[PDB]
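Pasting input.cif here (mmCIF, C-alpha atoms):
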data_query
#
loop_
_atom_site.label_atom_id
_atom_site.label_comp_id
_atom_site.auth_asym_id
_atom_site.auth_seq_id
_atom_site.Cartn_x
_atom_site.Cartn_y
_atom_site.Cartn_z
CA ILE T 233 -119.49 -1.11 2.38
CA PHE T 234 -119.44 2.08 0.30
CA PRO T 235 -119.68 0.27 -3.10
CA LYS T 236 -123.04 -1.21 -2.04
CA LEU T 237 -125.02 2.02 -2.03
CA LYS T 238 -128.19 3.21 -3.77
CA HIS T 239 -129.26 6.66 -4.88
CA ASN T 240 -132.44 8.18 -3.44
CA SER T 241 -131.54 6.45 -0.17
CA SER T 242 -130.07 7.23 3.23
CA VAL T 243 -126.55 6.39 4.41
CA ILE T 244 -126.37 6.80 8.19
CA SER T 245 -128.92 4.07 8.94
CA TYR T 246 -127.13 1.65 6.60
CA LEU T 247 -123.79 2.37 8.28
CA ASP T 248 -125.22 1.97 11.79
CA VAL T 249 -126.89 -1.34 10.94
CA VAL T 250 -123.79 -2.81 9.31
CA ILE T 251 -121.52 -1.62 12.14
CA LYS T 252 -123.78 -3.15 14.79
CA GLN T 253 -124.04 -6.41 12.85
CA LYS T 254 -120.27 -6.67 12.43
CA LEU T 255 -119.78 -5.90 16.12
CA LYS T 256 -122.14 -8.70 17.13
CA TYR T 257 -120.42 -11.06 14.67
CA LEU T 258 -117.04 -10.26 16.23
CA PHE T 259 -118.42 -10.72 19.75
CA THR T 260 -119.94 -14.15 19.01
CA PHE T 261 -117.25 -16.34 17.47
CA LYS T 262 -115.34 -19.60 17.97
CA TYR T 263 -111.60 -19.04 18.17
CA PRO T 264 -109.28 -21.93 17.21
CA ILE T 265 -106.76 -21.86 20.07
CA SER T 266 -108.17 -21.19 23.52
CA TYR T 267 -106.02 -19.06 25.82
CA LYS T 268 -105.53 -19.41 29.58
CA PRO T 269 -102.75 -17.29 31.10
CA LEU T 270 -101.24 -18.69 34.27
CA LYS T 271 -101.65 -16.55 37.37
CA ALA T 272 -98.98 -14.23 38.76
CA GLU T 273 -98.05 -16.50 41.67
CA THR T 274 -99.36 -19.63 43.37
CA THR T 275 -100.98 -19.08 46.77
CA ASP T 276 -99.14 -21.87 48.61
CA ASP T 277 -95.63 -21.01 47.33
CA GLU T 278 -94.27 -24.03 49.23
CA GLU T 279 -93.74 -27.61 47.96
CA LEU T 280 -96.12 -27.01 45.02
CA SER T 281 -96.96 -24.37 42.43
CA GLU T 282 -98.82 -24.26 39.12
CA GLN T 283 -95.84 -22.48 37.57
CA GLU T 284 -93.64 -25.19 39.09
CA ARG T 285 -95.95 -27.81 37.56
CA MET T 286 -95.76 -26.33 34.07
CA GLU T 287 -91.98 -26.16 34.49
CA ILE T 288 -91.71 -29.84 35.46
CA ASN T 289 -93.78 -30.51 32.34
CA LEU T 290 -90.71 -29.27 30.41
CA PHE J 513 -88.97 -51.00 95.50
CA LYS J 514 -85.23 -51.53 96.01
CA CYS J 515 -83.59 -52.12 92.63
CA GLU J 516 -80.21 -53.75 91.96
CA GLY J 517 -77.10 -51.63 91.55
CA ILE J 518 -79.08 -48.42 92.14
CA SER J 519 -78.98 -47.68 95.90
CA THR J 520 -82.00 -45.38 95.54
CA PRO J 521 -85.65 -46.30 96.22
CA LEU J 522 -87.73 -46.46 93.05
CA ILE J 523 -91.34 -46.94 91.97
CA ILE J 524 -92.53 -48.57 88.73
CA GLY J 525 -96.06 -48.06 87.45
CA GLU J 526 -98.09 -48.62 84.27
CA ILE J 527 -98.84 -45.77 81.88
CA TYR J 528 -100.73 -45.34 78.61
CA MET J 529 -98.76 -44.78 75.40
CA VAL J 530 -99.97 -43.68 71.96
CA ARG J 531 -97.79 -43.54 68.87
CA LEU J 532 -97.56 -40.41 66.72
CA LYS J 533 -97.50 -39.75 62.99
CA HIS J 534 -94.12 -38.01 62.80
CA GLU J 535 -91.45 -40.25 61.30
CA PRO J 536 -87.82 -39.73 60.23
CA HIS J 537 -88.28 -41.27 56.76
CA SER J 538 -91.06 -38.81 55.83
CA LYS J 539 -88.69 -35.81 55.81
CA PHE J 540 -85.21 -37.23 55.14
CA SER J 541 -83.79 -36.02 51.84
CA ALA J 542 -80.50 -36.05 49.94
CA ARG J 543 -79.39 -34.87 46.51
CA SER J 544 -76.32 -35.45 44.34
CA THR J 545 -77.38 -34.35 40.84
CA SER J 546 -81.06 -34.33 39.87
CA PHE J 547 -82.89 -32.65 37.00
CA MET J 548 -82.13 -28.96 36.49
CA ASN J 549 -84.62 -26.15 35.97
CA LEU J 550 -85.11 -24.50 32.59
CA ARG J 551 -82.92 -21.53 33.52
CA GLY J 552 -80.11 -23.79 34.74
CA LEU J 553 -80.40 -23.70 38.51
CA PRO J 554 -81.31 -26.91 40.38
CA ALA J 555 -84.99 -27.26 41.21
CA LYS J 556 -87.49 -29.62 42.81
CA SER J 557 -88.47 -32.65 40.71
CA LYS J 558 -91.74 -34.59 41.00
CA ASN J 559 -90.59 -38.21 40.93
CA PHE J 560 -90.98 -39.28 44.55
CA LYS J 561 -94.72 -38.55 44.36
CA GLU J 562 -95.06 -41.21 41.63
CA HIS J 563 -92.81 -43.75 43.42
#

Once you've parsed the file, please lay out its structure as structure tokens.
Amino acid sequence: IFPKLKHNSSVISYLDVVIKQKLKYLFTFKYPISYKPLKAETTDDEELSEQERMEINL
Amino acid sequence: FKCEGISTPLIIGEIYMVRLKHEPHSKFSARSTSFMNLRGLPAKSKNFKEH
């Protein structure tokens, strides 16, 4: 950011605008691999479990 | 009524009977050597559910 500066001009407003824009850009994005962590423990805990299911997958 | 080979008076009536869901083949289970869990201990396998 610092290389793109102009004399007879302010700095703080430029920095605030670019920081806010980059923050919004980071917030709104499309990530390649979606994540979904399995829960700590299945509620039933008898004869079926999501962890048990992902184990029988492998 | 006097039955045969009983020597005790007896009465026979008619009653209503309804079957129930519980069956012996719905809970019977046996295991020799099935698939093992990832760690190494034996574990439940989902094969009976898919016949």

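Computed from the coordinates, the atom CA of residue T:283 to atom CA of residue J:540 distance equals 25.3 Å.
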
Can you work out which residues from chain J touch chain T at a cut-off of 9 Å (counting all atoms listed in the file) and hand them back as a PyMOL selection string?
chain J and resi 549-550+556-558

Which neighbours of residue J:554 fall inside 12 Å, counting only C-alpha atoms, when residues of the same chain fewer than 5 positions from it are skipped, and could you give them as a VMD selection string?
(chain T and resid 288) or (chain J and resid 543 to 549)

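Compared by their closest atoms to residue J:541, and using only C-alpha atoms, the residues J:514, J:522, J:555, J:560 rank with J:560 nearest.
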
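Going from atom CA of residue J:542 over to atom CA of residue J:559, you cover 13.7 Å.
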
Please measure the separation of atom CA of residue J:561 and atom CA of residue J:538, giving the value in Å to one decimal.
12.0 Å

Write out N, CA and C atoms for stretch 256-283 of chain T, as a compact mmCIF listing (two decimals), in the coordinates of the input.
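Below is the file result01.txt, written as the result:
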# COMPACT_ATOMS: atom_id res chain seq x y z
N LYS T 256 -121.58 -7.48 16.56
CA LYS T 256 -122.14 -8.70 17.13
C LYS T 256 -121.43 -9.94 16.58
N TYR T 257 -121.13 -9.93 15.28
CA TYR T 257 -120.42 -11.06 14.67
C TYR T 257 -119.05 -11.26 15.31
N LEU T 258 -118.33 -10.16 15.56
CA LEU T 258 -117.04 -10.26 16.23
C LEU T 258 -117.21 -10.78 17.66
N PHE T 259 -118.24 -10.30 18.36
CA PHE T 259 -118.42 -10.72 19.75
C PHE T 259 -118.72 -12.21 19.86
N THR T 260 -119.57 -12.74 18.98
CA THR T 260 -119.94 -14.15 19.01
C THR T 260 -119.14 -14.90 17.95
N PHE T 261 -118.11 -15.61 18.39
CA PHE T 261 -117.25 -16.34 17.47
C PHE T 261 -116.58 -17.49 18.21
N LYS T 262 -116.05 -18.44 17.44
CA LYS T 262 -115.34 -19.60 17.97
C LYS T 262 -113.88 -19.52 17.54
N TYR T 263 -113.01 -19.18 18.49
CA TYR T 263 -111.60 -19.04 18.17
C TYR T 263 -110.91 -20.41 18.19
N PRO T 264 -109.90 -20.60 17.33
CA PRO T 264 -109.28 -21.93 17.21
C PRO T 264 -108.52 -22.37 18.45
N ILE T 265 -107.62 -21.52 18.94
CA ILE T 265 -106.76 -21.86 20.07
C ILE T 265 -107.24 -21.09 21.29
N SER T 266 -107.75 -21.82 22.28
CA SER T 266 -108.17 -21.19 23.52
C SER T 266 -106.96 -20.77 24.35
N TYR T 267 -107.10 -19.64 25.03
CA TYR T 267 -106.02 -19.06 25.82
C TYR T 267 -106.37 -19.14 27.30
N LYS T 268 -105.35 -19.34 28.13
CA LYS T 268 -105.53 -19.41 29.58
C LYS T 268 -104.22 -19.02 30.24
N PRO T 269 -104.01 -17.73 30.50
CA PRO T 269 -102.75 -17.29 31.10
C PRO T 269 -102.65 -17.73 32.55
N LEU T 270 -101.49 -18.28 32.90
CA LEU T 270 -101.24 -18.69 34.27
C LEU T 270 -101.14 -17.47 35.18
N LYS T 271 -101.56 -17.66 36.43
CA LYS T 271 -101.65 -16.55 37.37
C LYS T 271 -100.26 -16.04 37.75
N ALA T 272 -100.24 -14.88 38.42
CA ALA T 272 -98.98 -14.23 38.76
C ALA T 272 -98.15 -15.10 39.69
N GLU T 273 -98.78 -15.69 40.71
CA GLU T 273 -98.05 -16.50 41.67
C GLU T 273 -99.02 -17.45 42.37
N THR T 274 -98.55 -18.66 42.65
CA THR T 274 -99.36 -19.63 43.37
C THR T 274 -99.53 -19.20 44.83
N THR T 275 -100.70 -19.50 45.40
CA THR T 275 -100.98 -19.08 46.77
C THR T 275 -100.08 -19.79 47.78
N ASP T 276 -99.89 -21.11 47.62
CA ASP T 276 -99.14 -21.87 48.61
C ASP T 276 -97.68 -21.46 48.64
N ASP T 277 -97.03 -21.42 47.47
CA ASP T 277 -95.63 -21.01 47.33
C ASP T 277 -94.67 -21.89 48.12
N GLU T 278 -95.12 -23.08 48.53
CA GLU T 278 -94.27 -24.03 49.23
C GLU T 278 -94.64 -25.44 48.82
N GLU T 279 -93.65 -26.20 48.33
CA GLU T 279 -93.74 -27.61 47.96
C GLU T 279 -94.64 -27.86 46.76
N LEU T 280 -95.27 -26.84 46.19
CA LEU T 280 -96.12 -27.01 45.02
C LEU T 280 -96.45 -25.64 44.45
N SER T 281 -96.61 -25.59 43.13
CA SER T 281 -96.96 -24.37 42.43
C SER T 281 -97.36 -24.72 41.00
N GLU T 282 -98.39 -24.03 40.50
CA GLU T 282 -98.82 -24.26 39.12
C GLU T 282 -97.72 -23.90 38.14
N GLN T 283 -97.01 -22.80 38.38
CA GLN T 283 -95.84 -22.48 37.57
C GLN T 283 -94.79 -23.57 37.69
